[PDB]
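Peer 1: Need the 3D shape of this:
(chains A, B and C)
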Amino acid sequence: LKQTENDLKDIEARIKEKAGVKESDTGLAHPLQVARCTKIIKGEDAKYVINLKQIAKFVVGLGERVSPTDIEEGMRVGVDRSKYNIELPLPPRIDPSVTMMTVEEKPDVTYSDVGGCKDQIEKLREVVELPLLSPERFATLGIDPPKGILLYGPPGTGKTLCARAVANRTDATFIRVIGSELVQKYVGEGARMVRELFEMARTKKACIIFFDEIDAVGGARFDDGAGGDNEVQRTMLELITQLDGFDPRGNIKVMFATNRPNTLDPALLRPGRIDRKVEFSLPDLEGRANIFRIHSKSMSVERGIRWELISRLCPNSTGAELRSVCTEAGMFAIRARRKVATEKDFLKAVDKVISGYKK
Amino acid sequence: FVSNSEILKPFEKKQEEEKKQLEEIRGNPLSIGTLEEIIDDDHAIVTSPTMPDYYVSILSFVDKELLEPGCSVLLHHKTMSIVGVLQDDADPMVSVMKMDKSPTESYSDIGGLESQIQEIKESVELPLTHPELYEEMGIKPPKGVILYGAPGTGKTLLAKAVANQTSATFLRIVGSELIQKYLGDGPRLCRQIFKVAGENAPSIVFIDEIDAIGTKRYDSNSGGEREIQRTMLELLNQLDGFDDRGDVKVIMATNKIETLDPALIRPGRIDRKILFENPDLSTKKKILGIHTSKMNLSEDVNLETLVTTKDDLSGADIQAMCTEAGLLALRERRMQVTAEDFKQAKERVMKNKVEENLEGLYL
Amino acid sequence: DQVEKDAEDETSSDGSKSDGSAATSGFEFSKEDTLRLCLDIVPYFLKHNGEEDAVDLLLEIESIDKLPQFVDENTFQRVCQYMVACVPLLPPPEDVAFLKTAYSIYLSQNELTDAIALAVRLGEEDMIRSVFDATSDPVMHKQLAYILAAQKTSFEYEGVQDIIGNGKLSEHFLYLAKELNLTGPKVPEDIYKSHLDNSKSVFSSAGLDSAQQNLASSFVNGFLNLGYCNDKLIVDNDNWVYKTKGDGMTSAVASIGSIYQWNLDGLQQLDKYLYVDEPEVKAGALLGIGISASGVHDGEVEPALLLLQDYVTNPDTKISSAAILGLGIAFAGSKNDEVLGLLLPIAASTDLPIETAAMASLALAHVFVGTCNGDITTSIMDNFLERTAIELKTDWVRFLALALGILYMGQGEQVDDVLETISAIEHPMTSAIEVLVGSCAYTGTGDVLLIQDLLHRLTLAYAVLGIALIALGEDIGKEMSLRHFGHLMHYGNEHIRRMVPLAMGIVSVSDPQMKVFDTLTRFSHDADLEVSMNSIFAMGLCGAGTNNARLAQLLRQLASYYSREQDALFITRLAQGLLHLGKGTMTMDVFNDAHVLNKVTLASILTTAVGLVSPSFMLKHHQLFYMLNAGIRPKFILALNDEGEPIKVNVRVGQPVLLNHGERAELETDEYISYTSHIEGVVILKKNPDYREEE
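Peer 2: Residues are numbered from 1 along each chain as shown, chains lettered A, B, ... in the order given. Now the structure:
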């Protein structure tokens, strides 16, 4: 078997070059990243003969046919950007985007840096925890859960761990799709990933579809209207057709996170789709105490320090600056040459934050 | 030559069976490209820079685990079949790529900056040269460092001096090259910076002179751009996703941090803010000692004589002032500056340069 | 140009003690007209005190005869400071042999600073003792004794130890009876043994059940508990001892010897299994005593190791195998004709069921290394070619030649006995030995010829030994060596493949590098399964003394091995026990601040290369895994007052917050002023006469 794989190049590799190249290139033309055909006469029924390049575009007439598995030959049959007639059932859905979407069922995150966010948790208790726990209560209430929940606050703070904190109490599926790869103007990139989210959400009830940085997606941008691309043009339709149009509410929920509401299409901003807006505020002294005691387990600290004092001397600060206090405390300990962080080490770390921020 | 003839030469000469014909049957020509997708069915998609994108097959050379999409591989010209795999460094990443080895600057040549040396050392050199100090404390060392100053002194001497002691390759990325004025080049070029330093990590990322991506403003006008807003967000995800013991650092220096995105700031990732300070008289004594080792000075003039008159010069113009001090001696036809030359040379320097006068005559 | 051409062809080293010879006999060096050129620049820099730039002229043209002429009058102090920062490397090439000519002119004077430089670099037997002749202060000789114990080399065996170690009254000796036990790891190792009681950490050791799997537990018992006394496993539950038989019983008591190591007496502790019934129980007993005796030679108040020399020759099978290996480790540094006379007939006939000479070839190499003997290589040379008595198998014939890679160190012109064995029977390892035996003739390394000769071999497995020596003392040969090491990992035999990670792993504590760590991907899985088993043991030695830190990249290569089967448990645990070796916190130091190595530790390095056959093919005995205790250096730093007596002294702390006598520390710089030959680690400080202080 070891020497068997070596001599197959003299036998098997002869047909593989003809069947994998010559058969695909026949007529001056499985994952498909490219498809084309040139001067092909077939037959009306599964004829294809479509050039996916913007040069020399082709269509298909004579009725309508649906062949989602194999249209004619497979292979060089494709769609890519522009829709042509009956070619829709075979889209090129292959893409190494698996590093973008992160699917986590029932996250175990409760409070890490979100300590003191219970004010925002109560905002997410009625519109998220309630429909994902006892959805039958809305039949007696008569109202409806919001189709979507919008997140707002300081950039890069409170829009990450706060979404997974409510997902634990709901025992739901948290699917985070980073909008950074959807920034592309490539035709069909945005509408394809959004459509697949609602398909997997119909299989398992009580799931949470999260869109990271909706400002990177939005309902409209400069390359949508001014450009000839349908990117984000058909993507908003997937949110209108699936979420509000057909798919239920308590079973399939959608959550957005933005740095400002004015960057979203008012069509999605109007009530009926995006209703509640969650704003991240500054935690209180009780919130800072619960976060410091959790970080004190990972970092070496003195057994005699008291966080009820130094944290009180610091005013209300963002959750990102609270992790900085624990990291900067060890920096002064290295200068002081101590295996742990004494009470004087945390004092110099807070004063460094007060003098450089004043928030 | 003698060893290779009696060792490596008979290895290839005695036994020739395979590895010679592997590059034959598939094809002789070579056209470099990038793998779009890899599967177990022995078929893939390759695209050359000339865009002859086709659908071809695969023959067994390296296992499918070694083949990854997004890297340059060994291909064929006409049939475009995969004949092997190559190194990914041939893929263009950033328009301006500068890799410098063995930087010349060090802590001894930058003068009296030891006040700022301990700051840049703790956030860069200390976790690299002492990873156990941050590990026992259970904390993560700061990856980023904020610097203030002028190019050639503040934003230059501090960056190159650390790479010498850390024994890391100097990697410079121009701040304006992060934004190519094309949508999608922002997140693409930022991920490729951490990719070169993400294998063996024998380097440190350096970025200097950012007048552009540091300020996105509110819009695509007034110096900002819309592509900057979404680029600084992906750099945050690449900063938090990047995890090591500190072998690679990201050092960016700009004029003002007030226009930066609070997301990319991310307190606790960047714990270091180094503001340019006015050095004292002891700084000049360290810069003079370097050049006075070559240029000979008179016995009546010591390091305390030249440091007497110093007006708002840190480290840069001490060499420029000594340049005129050696140029005036050429007029007197002598190779050794003596006491008569020091007096006439320093007067031509300190005078007739700064027109604005900061003076206490407001009364 | 004449010196560079004459240095390429010579039968001797660089430098000479004759300043009046024209070098016209034999190989010609200096010409007739060049005799006046040697004295030309001497008087000019003599009056102006320009020896700083005057030696730099000698460093470029490599003239050894000018240096003694510059010493006449005026300042003998400042000329010593310019010698330290200039002589070793002025140019791209490095020549350290210029200090040999200084011993003649400074013989009656020397200097406080000069005596430091004459005891380093070459380190001739007469040059090392020159520091004691100039300084008459007995306090200064105390600090020098801690350095001499670390250096070993010239003065180790009888004639200093066991003789002067009992005390002597004179001007140029001044060796106290306490300085014998205190400098070497004898008294301090017992006090340090008590500090590890409160410093102990969580232990994973256990006894398990069956003797087949007790080999995996015995590996965790001995190495993890090294330096710490444990009476729970050794006394109460013998299931991990008594149930093991054969080679398993030898390694079982071998685990006990490392537990009781660094104690005042390692004999009476093991007397339980010393004499019972069978030689199998008696085997590991003598093996553990020699392991527990590592670091001590003549004992403290009694020559305890002198009476153990009668256990070398035994007709029993299992005893003689574990006696030669155990006692061979403890007898290092002590040269005795009785130990030599016993080991010659054992390694001659190589009788397997009786003599067990597999470890006898390495016994002579681990003991007498650093000494001068021409008879030790003569008896092996005659037995190598003729194969006297019952010697048959060619492997045992090669095992002798592999053991011959040690004895010739420091022997000078006596290396010819090794060349006769290479020309007798051709071996793959002996091909590169004939090149590196010349380094002993030049009394050092770093020569342009030696560097060029190594390039002739590379552009085979043994030739990389001298490459790593130059890489540590020179950065020019170190940068290129990293490029050559990548292309030398592909070869027919596996010898060169396993030497790459081991050479960088011993020095990984001083200068760790992640480039060699990622090359272990192909080293873990290559062809044979014996490589994968030895790879885990090799990665463990690379990680001994340091927990994670830069070794996290090395840990990624270890993450590929977790658990497979019952027999694979001991295979995967090889690295785990070595990471926790010495309770996880320790150091391995083969060097010092004198820019010289320890021939006793270097012998243990080459001994494990020739040894460690049990994890490799053709498993012999399970005792081969404990061979690492021969090269383990104890980690401690003494805090001493101006009188050299143990006391609590407040200074810069080491690696443990309170420094005292026998406290664990290492790798710490010292900027404080000392008496003579300032050195890190153990140091005796003082204070200027303006104030009375211990700092």
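Peer 1: Count the neighbours of residue C:356 for me.
Peer 2: Other residues lying near residue C:356 total 25 when counted by other C-beta atoms under 10 Å in any protein chain shown. Backbone N, C-alpha and C define where each C-beta goes, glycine included.
Peer 1: same deal with residue C:412?
Peer 2: Neighbourhood size, residue C:412 [other C-beta under 10 Å]: 14.
Peer 1: in which helix or strand would I find residue C:522?
Peer 2: Under the criterion of DSSP states H and E, residue C:522 resides in helix C:520-524.
Peer 1: Check residue B:146 too.
Peer 2: strand B:144-147.
Peer 1: Return the distance of that strand from the chain's centre.
Peer 2: 13 Å (C-alpha atoms, centre = their mean, to the nearest Å).
Peer 1: Check stretch A:240-252 too.
Peer 2: With C-alpha atoms, centre = their mean as the basis, stretch A:240-252 stands 18 Å off its chain's centre.
Peer 1: First residue to last residue on it, what's the distance there?
Peer 2: Start-to-end span of stretch A:240-252 (C-alpha to C-alpha, to the nearest Å) is 13 Å.
Peer 1: Please apply the same query to stretch B:67-74.
Peer 2: 11 Å.
Peer 1: any idea how far the residue of the stretch 401-550 of chain C found nearest chain A is from chain B?
Peer 2: Residue of the stretch 401-550 of chain C nearest chain A, by C-beta to the nearest C-beta: residue C:527 (11.6 Å). Note on residue C:527: its distance to chain B, by C-beta to the nearest C-beta, to the nearest Å, is 17 Å.
Peer 1: what secondary structure does that residue sit in?
Peer 2: Classification of residue C:527 by DSSP: H, G, I helix; E, B strand; the rest coil places it in coil.
Peer 1: And for it, the neighbour number?
Peer 2: Around residue C:527 there are 9 residues (other C-beta under 10 Å).
Peer 1: The residue nearest to residue C:82 when sequence neighbours are not counted sits in which helix or strand?
Peer 2: Leaving out its chain neighbours, the residue that sits closest to residue C:82 by C-beta to C-beta, 6 or more residues apart in numbering or on different chains is residue C:52, at 4.2 Å. If you go by DSSP H and E, residue C:52 is part of helix C:51-61.
Peer 1: Could you name the helices and strands sitting against the helix or strand following that helix?
Peer 2: Using DSSP H and E, the helix or strand that directly follows helix C:51-61 along the chain is helix C:78-84. Packing partners of helix C:78-84 (3 or more C-beta pairs under 8 Å, 6 or more residues apart in numbering or on different chains; DSSP states H and E): helix C:51-61, helix C:114-118.
Peer 1: mind checking how far residue C:48 is from chain B?
Peer 2: Applying C-beta to the nearest C-beta, the value for residue C:48 to chain B is 15 Å.
Peer 1: quick one, what contacts residue 101?
Peer 2: No chain was given, so I picked chain A. Counting by C-beta atoms under 8 Å, 6 or more residues apart in numbering or on different chains, residue A:101 makes contact with A:175-178, A:193.
Peer 1: think we crossed wires, I meant chain C
Peer 2: Residue C:101 neighbours (C-beta under 8 Å, 6+ apart): C:15-17, C:19, C:64-65, C:67-68.
Peer 1: neighbour-wise, which of the residues you listed leads?
Peer 2: residue C:67 leads the contacts of residue C:101 on contacts (other C-beta under 10 Å) with 24 neighbours.
Peer 1: thinking it is in contact with residue C:104, fair?
Peer 2: No: Residue C:67 is beyond contact range of residue C:104, at 9.7 Å (criterion: C-beta atoms under 8 Å).
Peer 1: anything in contact with each of those two?
Peer 2: Residues touching both residue C:67 and residue C:104 (C-beta under 8 Å, 6+ apart): there are none.
Peer 1: ok, back up a step: which members of the contacts of residue A:101 additionally contact chain B?
Peer 2: Restricting the contacts of residue A:101 to those touching chain B (C-beta under 8 Å from any C-beta of the partner chain) yields residue A:178.
Peer 1: May I see the contacts of residue A:101 organised as CSV, with secondary structure added?
Peer 2: Output for these, formatted as CSV (three-state DSSP):
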residue, secondary structure
A:175, strand
A:176, strand
A:177, strand
A:178, strand
A:193, helix
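Peer 1: Turn the contacts of residue A:101 into JSON lines, columns for neighbour count.
Peer 2: Formatted as JSON lines, these follow (neighbours: other C-beta atoms under 10 Å in any protein chain shown):
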{"residue": "A:175", "neighbour count": "20"}
{"residue": "A:176", "neighbour count": "20"}
{"residue": "A:177", "neighbour count": "22"}
{"residue": "A:178", "neighbour count": "19"}
{"residue": "A:193", "neighbour count": "22"}
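Peer 1: Nearest to residue B:287 among the contacts of residue A:101?
Peer 2: residue A:178 (49.1 Å; C-beta to C-beta).
Peer 1: follow-up on the earlier one: restricting to C-alpha, output the strand holding residue B:146 in CSV.
Peer 2: Only the C-alpha atoms of strand B:144-147 are listed here, as CSV (Å, rounded to 0.1, in the frame of the first residue of the first chain):
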residue,chain,number,x,y,z
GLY,B,144,0.5,48.0,21.8
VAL,B,145,2.7,51.0,22.6
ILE,B,146,1.7,54.7,22.0
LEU,B,147,4.6,57.0,21.2
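Peer 1: residues in contact with that strand?
Peer 2: Residues outside strand B:144-147 that contact it (C-beta under 8 Å, 6+ apart) are B:120, B:123-124, B:154-155, B:158-159, B:239, B:249-254, B:257, B:269-270, B:272-274.
Peer 1: Mind doing that once more with 10 Å?
Peer 2: Defining contact as C-beta atoms under 10 Å, 6 or more residues apart in numbering or on different chains, one finds that strand B:144-147 is touched by B:116, B:119-120, B:122-124, B:154-156, B:158-159, B:162, B:205-206, B:208, B:239, B:249-254, B:257, B:260, B:264-266, B:269-276.
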